[PDB]
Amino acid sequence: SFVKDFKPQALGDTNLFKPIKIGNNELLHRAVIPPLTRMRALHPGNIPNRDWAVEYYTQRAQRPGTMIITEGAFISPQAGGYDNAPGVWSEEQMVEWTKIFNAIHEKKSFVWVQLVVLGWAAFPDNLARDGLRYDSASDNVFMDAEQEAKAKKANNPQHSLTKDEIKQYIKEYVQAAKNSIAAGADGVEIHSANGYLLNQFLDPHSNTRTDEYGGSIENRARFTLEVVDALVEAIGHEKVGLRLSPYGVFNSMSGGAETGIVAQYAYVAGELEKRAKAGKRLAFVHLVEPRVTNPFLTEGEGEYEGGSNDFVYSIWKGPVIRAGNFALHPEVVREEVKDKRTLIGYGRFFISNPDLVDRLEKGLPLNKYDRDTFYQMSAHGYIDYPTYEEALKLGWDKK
């Protein structure tokens, strides 16, 4: 069915429908597919789904000139810990990714691989089964009691990374980025958001280190910036973006309760701008808005009203993608896209609307999403959401 109480607005008369260049890619509109984990990859080997993933991405690439950021992809076995999320370290994985990228490109759209390291969000028992550590910034603060207990039960207590192990992750980011580009991707996004490993280093709650990787703003940002620099060197700044969620609380990050949080993220933005002014400007910065501090809460819940991401625009002067509860709020989008370097990521409603871009242009009703199939091993709730035309044929205008 369509979302019942929603009053759509046509956004075709706004900058959402003006072309913009992101990295090497000439986008034809500014509605971006943010990274969306869907848990259809198959075990063993974290293989992108051989039956359905091509169709899923093909459907969502249908509007020419769309920027798609993939579901998060693990850079190595040690970076993972969810059996049904994909990786980008192995030949078999890349066989499937190549098909996905080719399909997106045949639709005249673009694809950026999000590179993920889970840290304390991983399942410690999966990691123990596979002979892998359970990693984070620190060893004395935990995501939650259940994770701590699971790690102990698995004889795999949370481990604070050594400098050597940080370097090994950096090597894996580099190789994952190379693999992604060689397989045909347009670029990569470094996931430094939503409470995963890099965010665990950024945040003073999760990072109690006293070496060069913690204990100050510069130190907490060090790992993120080393990854940025390593990827810029390996594949070029025009092929690299960075995702941040300053106000996020998902995965036990601090959000606005931490009075130093804006400074921490302002420092990162400033360091990116310094690199840009020195000739190496990242393709984009992607921000999760305080509109959505936890993306598993229904739209309108978990909204933080005590902060804005606007500060980033005073500092970073390149493209900015903003995501969080924008599908149901075209009136907010209309205002934000008056800024000529702002793009809008639409997550949950791109899950349910393969033709979302047309719907945004034309002010059409939106398909309701089914949260129960966000993570499910099924084509249902993955590739069977209808286009607007298909929904009319199903009678959804009368449901």
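One rule holds for the numbers: they count along the sequence shown, beginning at 1.
J.: Can you tell me which stretch has the higher mean Cα B-factor, 148 to 156 or 226 to 234?
T.: Looking at the record's C-alpha B-factors, the answer is 148 to 156.
J.: Between 266 to 274 and 139 to 147, point out the one with the higher average CA B-factor as the PDB entry records it.
T.: Between 139 to 147 and 266 to 274, it is 139 to 147 that shows the higher mean C-alpha B-factor.
J.: Looking at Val240, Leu161, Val88, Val292, which has the highest Cα B-factor in the entry?
T.: Answer for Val240, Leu161, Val88, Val292: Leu161, with the highest C-alpha B-factor.
J.: I'd like to know which of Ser308, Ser314, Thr208, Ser192 has the highest C-alpha temperature factor in the PDB entry.
T.: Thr208 has the highest C-alpha B-factor of those listed.
J.: How does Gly324 rank on Cα B-factor within its chain, lowest, middle or highest third?
T.: According to the entry, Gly324 has a C-alpha B-factor in the chain's lowest third.
J.: By the recorded C-alpha temperature factor, relative to the other modelled residues in its chain, which third is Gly255 in?
T.: Answer is middle: the recorded C-alpha B-factor places it there.
J.: Among the modelled residues of its chain, does the C-alpha B-factor of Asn84 lie in the lowest, middle or highest third?
T.: As the PDB entry reports it, the C-alpha B-factor of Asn84 lands in the middle third of its chain.
J.: By the recorded C-alpha temperature factor, relative to the other modelled residues in its chain, which third is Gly279 in?
T.: It belongs to the highest third of the chain when residues are ordered by C-alpha B-factor.
J.: If you rank every modelled residue in this chain by C-alpha B factor, which third holds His29: lowest, middle or highest?
T.: Lowest third of the chain for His29's C-alpha B-factor.
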